[PDB]
Each structure stands twice: as C-alpha cells, then as structure tokens.
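Scroll down for the structure; my scribbles are underneath it.
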Amino acid sequence: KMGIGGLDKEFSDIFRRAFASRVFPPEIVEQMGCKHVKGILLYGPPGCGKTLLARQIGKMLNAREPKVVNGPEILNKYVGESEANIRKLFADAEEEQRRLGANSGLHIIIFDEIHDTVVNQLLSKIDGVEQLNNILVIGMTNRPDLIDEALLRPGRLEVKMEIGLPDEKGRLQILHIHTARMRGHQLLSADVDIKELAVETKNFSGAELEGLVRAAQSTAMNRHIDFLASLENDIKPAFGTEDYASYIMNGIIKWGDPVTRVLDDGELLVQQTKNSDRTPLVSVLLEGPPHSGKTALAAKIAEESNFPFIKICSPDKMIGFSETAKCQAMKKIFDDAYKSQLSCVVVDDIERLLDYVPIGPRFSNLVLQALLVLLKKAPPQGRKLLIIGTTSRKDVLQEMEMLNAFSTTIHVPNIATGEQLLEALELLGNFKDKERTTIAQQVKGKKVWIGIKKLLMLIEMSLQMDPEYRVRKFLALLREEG
Amino acid sequence: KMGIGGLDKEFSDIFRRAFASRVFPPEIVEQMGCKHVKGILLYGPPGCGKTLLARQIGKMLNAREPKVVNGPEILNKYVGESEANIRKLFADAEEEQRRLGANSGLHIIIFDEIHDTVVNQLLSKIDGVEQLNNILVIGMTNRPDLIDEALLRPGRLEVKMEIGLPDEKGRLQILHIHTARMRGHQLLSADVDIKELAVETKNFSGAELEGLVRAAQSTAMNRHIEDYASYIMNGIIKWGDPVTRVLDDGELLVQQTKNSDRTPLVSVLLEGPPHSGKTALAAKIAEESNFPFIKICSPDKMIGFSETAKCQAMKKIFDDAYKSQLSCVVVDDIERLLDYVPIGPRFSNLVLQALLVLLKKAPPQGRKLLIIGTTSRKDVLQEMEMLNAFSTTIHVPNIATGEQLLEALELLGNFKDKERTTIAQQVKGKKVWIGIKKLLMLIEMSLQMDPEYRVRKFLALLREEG
Ligand SMILES: Nc1ncnc2c1ncn2[C@@H]1O[C@H](COP(=O)(O)OP(=O)(O)OP(=O)(O)O)[C@@H](O)[C@H]1O
Ligand SMILES: Nc1ncnc2c1ncn2[C@@H]1O[C@H](COP(=O)(O)OP(=O)(O)OP(=O)(O)O)[C@@H](O)[C@H]1O
Ligand SMILES: Nc1ncnc2c1ncn2[C@@H]1O[C@H](COP(=O)(O)OP(=O)(O)OP(=O)(O)O)[C@@H](O)[C@H]1O
C-alpha cells in the first residue's frame, strides 16, 4: 500500500478495474464472461509524478513481469527498421503468448511520451487480428489532446485516467512521506508543521513538493556551512498556478458606521446565497463615488465568504484586448465559475469593464451583452454562483437596464462627517497626536466630501512637507478637494 | 422490405435509383442507353445502425453476390504489398466479368470506416481505362469532409445520399441484443431499463454500446469482490385567471397550428414588462403542445458570438425545425438577440433581418411550424416594425392587487399562516405592482432575516420595488 501520496479513491477504482478482473481465480472471469482489458492510460499535468506511479503499479501487478522500458524516440534507426522494432517488443510477448496461451503468462509494457507506419503497427499488435491478450500496456503523457483518437476508443485502450494536481490532504500525503523519512532519523526542524505546509499550498504538482523540500535541505546545507521550508515558500516556486492582498492593499478600517452596515449586509448576502433554492443566482452591485473604496470592500466580502471557489475578475487583464477577445476571456472566467457548487465571482470597474466613455456616449456592445445575459443566464441546477459589481457611476448603469438585472443595490458614500474622518485618521495612524487634536478642532462646523482612496492619497501628500506645514497644507488641500 | 425502422423514404429512393436501372430486364438499359451506376454512397451520423443497412442493401441487390467484406486497415503491410491487395480484390471481380462480360454478373464489395498512390489506384479501379462496370461498391462514413475530392463528382460515385440523424430505435436494438444476453443469463440488473438507456444517450456510435456494456460488466465486477425541466426549475403557479388564460390561448394557437393546413405559421408573442415570468410561460406553452420537435433557443448559448455566428445558430435551429413535419419553436430574450440598448440606438440589424424575414418565411409544403417569442419592449418592437410581423399579441402582467399577492404567497407556501395574516393585513385594499420572479427573490430575501424580521423585511422590499 506504499508509497503514493493522495490518489487513494482514484487509485482504488483504477486498481480495482484493471487488476481485479485479472485477479479472481479462476471461474469468476468466465462467469463474468468478459474479455480482459487491453491497456490503461494515464495523462497528467507535468510534475504530477506519473513515472513512479507507473513503476510501482507495474511492480504491484506481478511478482515480476518483469518490466519493459521503451525509449521516448521509439522509432530511432532509419534503414528499415524501427517499425520492425515497435513490432518486436510486442513480438516477444506474443511469442510467449502463442507458446503458453490459456494460462498463465503476464507481460507488462509501458510506453513513455506516447506518424505514418507506427500508428498502424502498434494499433495492430495491441488489438487483433487474433488474440494478443494476456498483456497490458500503459502510456504516460503530459497532454491528452496530442494523443491519437484511435487508441482512445474502447478496446485496446478502453480506460483513460486523468490525474488531478494533489489535494491539500493529498499534498499533505506527499510532503508527509519525505517529512516522515526525515522524521525517522533524528534530525528535523521543530518550526515546520505539516498542517501549516498543507494549508499554505493548494496549487502544487507533486514534483513541486519534493523539489521544495529538497531545496530546503540545500538551504540547511548552506546553514551548516518555517525555517528552510519557509525560505522555499518564499522562493522555490515557480508553481505555475486569487490574490486579495493585491486588492486590499489598504485595510477595511472601521472608519464608519456605513462600513459596518455594508459589511453586515454582505453577511446577509452570503447567508442569502447559502441555500437560495428558489433563486439560483445571486447578483449584487456596489454604486459609489470615485475613490469609494468599494473594491476593497468587495475583495473583503469575497475573502470573508470563503466559498470553495472564489476568483477575482480583473479589468487590468482585459486592457488592450480586442473587444471580442475581451468577451472571450470573460466567458472563459464564467465557465470556470461553473465547477463549484457554491461560488463567488467579482466584477470590477464595470464602467471601465464596458469600455464606456462619457462622450457619445460611445460603448462596447458585445461586452455588455455577455454581462447582461449572465445574470439572466442560469448555472446548472445544484451548482450556484454570486455576482458582485463595483460601479463608479450609477445612472448610466441604471440606463443600460443593468440596474434592472441586479438583485440588490448597495451604496457606500464618502464620509460627510469630520469626526468620522478623524476616526479614520486615527485608524491609519500617520500624523502625530498634536496634529490629531488640531484636525479635530478644524473639522467641526465643516462638511467633508472625500473618497477613502482619495483620502489615503491626500494624507500621504500632506505628510511629505515639514511638520509646521502639514496641518495647513492638508487643511487647504481638503478645502480645494471639497 | 425488412428490416429497417424508419428510413423508408431515403431507402425507397436509393434502392430505386441503384437497383431499378440494373434490375429491369433486358432491353431497358439499351432503350435508356444509359450506363449502369458504378456505385452508391451514403454518409451518416454515428449510432445510425449502419452495418445492418449495408448488409440489407447488399443482400437485396443479389441472390448472392456473395458479400465481400473489407477490413478497416485495408492497406496493412507497407513493403509491397497492400497495393497488390487493393488492386486484387477488385481484380477478382474484373476477372469474372472479363470472363463473362456482356451479361449478367454483378459483384458487391463494401469497405467499412474508410493517400498517395492509393487515391489514384482506387479511382483507376472504379473507373477506366476500359469498362470496369458490372460491379458496385458502397462506402458508408461518419464524417463527409475527411473523404477524397475526386469521388464526389457524378460518375464513379455519382450520387451521394445522407441518412437522417440516427433513430434511437436502432440504438435500443444494439443495446437490446447485449441486454438480451444478460436477460438470457440468469444474472441481470433490475435498475437497467432498455427504455431508460435508449432515452439518455443520443450522440453515441455503435461500438459505444458494446463499450458501455463492458463498463457495466466492470462495475458489476467491482460490486462482487434540450431539457424542459432545467429551464423552469420553479414550476408554475396559477394565482390568477389571466395566468391560466395565457396557457389556454397558447394551447389554442397550438391546436390551430397542428390542425389547420391553411396557415403554415403562427407567431406567438408575449407582452410583459420585466422582470416578467413570461419566458417561462412560453416554454410551458411549448411543453403543452407535445410537438414532435420542440426546441427552445437560449441567448447564453449564443453568448459572446459575433453577429454572423448568432445568425448562423438561428439558421441552424430553424432549419432543423424545417426537416420535421411540424414543430414549435420558442424564442427568448428577443431584445437581446437583437442586442437592443436604449442608448444609441445600438442594435444588430443583420439579426433583425434574419429573424424578421424567416418569420415571414414558411417551410416547404406539407409542413407547418409555430414560433413563440418573449419581448421586453412591445413598444420598441412595434417601433422596429417587427411586431407587425408577429401573427398575434398576448400580454402578461405583473400582479396588481393584494389579493393576487396572497394567492401567490399561498401557492408557493413559504410564509406562515401568521406571516400571511400580517402581510394580508398590510396589503389588502392597497395597490401593488411587482413581477413574479423578483417576488420569488424577495421571499428568499426575507427568509434570511430572523423569524420576526421576516415580515418587516418583506414589506420593506415591497416598499422598495414600488
Ligand atoms: N503527487 C505526487 N506523487 C508522487 N510523486 C510526485 C507528486 N508530485 C510530484 N512528484 C515528483 O514527480 C516524480 C514523478 O512524477 P513525474 O514528475 O515523473 O510526473 P510527470 O507527469 O512525468 O512530470 P513531467 O511531465 O513534468 O515529466 C517523483 O520523482 C516525485 O518526486
Ligand atoms: N474595506 C476597505 N475596502 C476598500 N478599501 C479600504 C478598506 N479599508 C481601507 N481601504 C483603503 O481604501 C482605499 C480603497 O479605495 P479603492 O481605490 O480600492 O476603491 P475603488 O473602487 O478603486 O475607487 P475608484 O474605482 O473610484 O478608484 C485604499 O486606500 C485601500 O487600501
Ligand atoms: N406563477 C408563475 N408564473 C410564471 N413563472 C413563475 C410563477 N411562479 C414562479 N415562477 C418562476 O419564476 C422564474 C422566472 O423565470 P423566467 O426567467 O422565465 O422569467 P422571465 O419573464 O423569462 O424573466 P425576464 O423578464 O428577465 O425574461 C422561473 O423560475 C419561473 O418558473
């Protein structure tokens, strides 16, 4: 039962289907009256550690086949020739088979990196004309699509298996074996925790794990002449595969009662999603003054919900794309949303997303159509999705029937109160405590109309000039901004 | 005349054209002075029960040909060799014919599951240099485009006939033999039903059936050691007589359409202001018809498409409707297909023309079809001049009285007797105006609040959607 991290459900099924039909002795097969499977093929993303699995599986099936290995080129040697060779490794098995056919000979052949003559030659040997059973062949390849259709068909390669990147629990299994090997000998790093490593990594192919640990070992070697694992997390991948930290640079500071009302309302919306059998799709939008901080809030709502799949959609990625191309990427995101039973998606800068321009007005029809249809569009029954839109300008959106589409509308107004502004200032903690008092003295009797994004920028702008200057400059700046 | 279910029309024409000119004895070919057809070709979709049909045709042509079977690979053995084989099977027919050429020998050869030298080699055998007539070869294949160019033209394979999309019945037959084998053995699965199995799968090739069976055997082995429903998940309430009345009027349109020859087409238009539930009502109308082919087209299916592509989809669906004797077609989000935007105006004209023209257009004689559309903006549509094109106008309205409201809350059964007792006490006598779906939404928006904040939140929502 060792060793292979994760892939136990998949392993159990695959194992059962290929091996069990062979294993039952001996009447069971005739009672079934079903011919033995010819081959099993596994296709995986690179770094999924296919080879070890194949050697192990082959080893597991027979005491000794004993294993046959084929070079990747396969058809090397021009004169005759290679075709004959492709015929030949099969040929040994078939010879054994003609010599003993009935019972009990098994040969294991594996093809790594699986046109003209070779397609037919292999296809002919694996199935037909007569017999050719009592042997199995496994092909390991990075891409399914590359491979030939004929093999795919039931028969010669009836079953094709796809290996997902290891699960967090699975990831824990792969890390767990290397860690365990390190565990058995006395030396270890106390700081490192298996659970912590597992929670930290979602994306990684197997390979990634052995690689990171090995690299950590190298850093440790360097040390001799968290810890090393933490350093590997810091660098090593290169993983190749949702950052909220890029959308909440600045904190959901509790500047105001409005912040709380919007968030509690967000909780009402997630709660609303949780069941929602009567209504499948959840649509929410945020309408705010520019520099509203609406997007920080939306990102925070997505983080708070923690639905199994939450993916941000970004305006920034769309830039410079053909309008049709913009639609295409967008649709692609939409289908990606489908897989989770419960799911959250973000629409940001919709005025920007649309490519809407105030003069004209001139705007992109196709993007608008994708947006318009999806809220009406229904995810398959069972699986569900919630939609969040951030809009700088409300009226235009109302105008394109977009408002009509959304289930709920929320407002996140700029603070109109000097004291709330003061509270926000305290939360940001930038200027000194004398300054806090002076600002507090100035705000009373005055009305403030400024966005938080704008506000952070304003504070920062006032700060660079010298201390006597900062109070006056900031007040004057506020006056101008007003 | 047996056995092949359906495919009597295609069969009748095909048998006649290939077989009748040869069959007629004997002055007829000369009196006609027309050369016998070299071959007949059929191209078909997977799961069509092809092998049996080919067997039947070959059997039908001669008392005994007697049948020639060609292996799928055909050309196996590169070295000499294959070329000799491809030339050779033809060669035998040629030998018999040269030996007796004049009258009266016919040989039938069939190649299953269809370049360089072989292209020319086959063309040469089928036609020329001299004669090579008095034999026929039929090729049956899943995809048209793959096969060679030289062939299509009148002559070697002058007529190519395409079978209609595969009958389930055959699929049921191929499955039926394997199922029968399991029936035959004592062992069987209670859960498997021939009817269920046939109904779930459409696309699949023959091959696929025995394959599925192998998989079922494997599962047993493991043990020993176009949807109507999805579209309308909610189902339909009947709060008001108008609501019943639209279904009755719709049913009447269907009756008219199916029963009467005089109008090939009727156009069904639903007038509602969104968020109306009318789209659903239209789908329902289609369901009640029980028409042989009813297809509902969804904009999302067309989402992100270029104008031309949407139009092509429309053409495909509608053309699909033409082939059937009669059909019901439901059109949804008519504004969206149009891509009307109130600003502008911006809309796609080309689509407007395709739909509007087709709407006037009628299928070839002996067939009739029914078109149903959902429109947000009857006024805007009339402004286009498209509304005039539609045969009939039907209007579906949002609730207007407190009474329709409680009847709906009751039919849905979400709120308590108490809840409904408070709501009625807050609406009865007053005036309301809210579409059905938002209501179904607000309902969910109120169940999210605590058991005591539900009434207030509900009434708050209804206070906003005014
Ligand atoms: N989940 C995993 N299980 C087992 N081995 C893994 C896993 N992830 C990575 N590996 C590593 O990968 C090796 C075997 O998988 P391998 O990388 O060969 O798969 P692959 O599909 O051939 O990858 P590639 O396509 O990049 O060559 C092992 O040496 C192991 O260290
Ligand atoms: N809950 C929160 N949400 C968003 N931003 C917050 C929060 N707490 C603090 N901030 C800070 O407030 C500002 C967020 O404004 P942001 O620019 O993200 O809004 P926006 O939608 O981009 O406005 P606009 O689109 O009009 O530029 C940043 O300084 C951010 O780091
Ligand atoms: N009494 C009712 N009549 C019609 N539909 C109802 C009723 N009660 C609930 N529904 C449901 O309300 C939902 C409305 O769905 P649908 O999108 O078809 O409405 P629609 O009018 O097409 O919306 P739109 O106006 O955006 O086109 C469906 O789940 C439908 O089954």
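Note that the numbers count up from 1, one per residue, in the order the chain is shown.
Method on record in the header is electron microscopy, 4.2 Å.
Just so it is clear, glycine is given a Cβ too, placed from its N, Cα and C backbone atoms.
Residues or ranges marked as ATP binding site in Swiss-Prot: A:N250, A:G251, A:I252, A:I253, A:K254, A:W255, A:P290, A:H291, A:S292, A:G293, A:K294, A:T295, A:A296, A:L297. Reduced to three states, the DSSP call for A:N250 (ATP binding site) is coil.
DSSP gives A:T295 (Mg(2+) binding site) a helix state. Cβ environment of A:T295 (Mg(2+) binding site): A:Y247, A:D348, A:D349, A:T390 lie under 8 Å away, each six or more residues apart in the same chain. The Mg(2+) binding site annotation in Swiss-Prot covers A:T295.
Annotated phosphotyrosine per Swiss-Prot: A:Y43, in sequence order, evidence recorded as similarity to another entry. A C-beta separation below 8 Å, combined with a sequence spacing of at least six in one chain, links A:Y43 (phosphotyrosine) to A:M140, A:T141, A:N142, A:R143, A:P144, A:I147, A:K160, A:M161, A:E162, A:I163.
The phosphoserine feature in Swiss-Prot is assigned to A:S314; the stated evidence is similarity to another entry. In the three-state DSSP scheme, A:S314 (phosphoserine) falls into the coil class. There are 16 other Cβ atoms within 10 Å of the Cβ belonging to A:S314 (phosphoserine).
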Q) Counting other CB atoms within 10 A of each CB, which of the binding-site residues A:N250, A:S292 comes out lowest? A) A:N250
Q) So which recorded positions out of A:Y43, A:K254, A:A296, A:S314 are up against ligand 2, CB under 6 A? A) A:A296
Q. Largest pairwise Cα distance, Å, within the listed ATP binders A:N250, A:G251, A:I252, A:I253, A:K254, A:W255, A:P290, A:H291, A:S292, A:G293, A:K294, A:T295, A:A296, A:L297?
A. 19
Q: Please work out which residue of A:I252, A:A296 has the most C-beta neighbours within 10 angstroms of its C-beta, and give that one of the binding-site residues.
A: A:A296
Q. Including all protein chains shown, what's the count of other C-beta atoms within 10 A of the C-beta of A:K254 (ATP binding site)?
A. 12
(Q) Let me check the 10 A CB neighbour count of A:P290 (ATP binding site). How many other CB atoms are there? (A) 12
**Q.** Inter-residue Cα distance where the pair is A:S314 (phosphoserine) and A:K294 (ATP binding site), in Å
**A.** 14
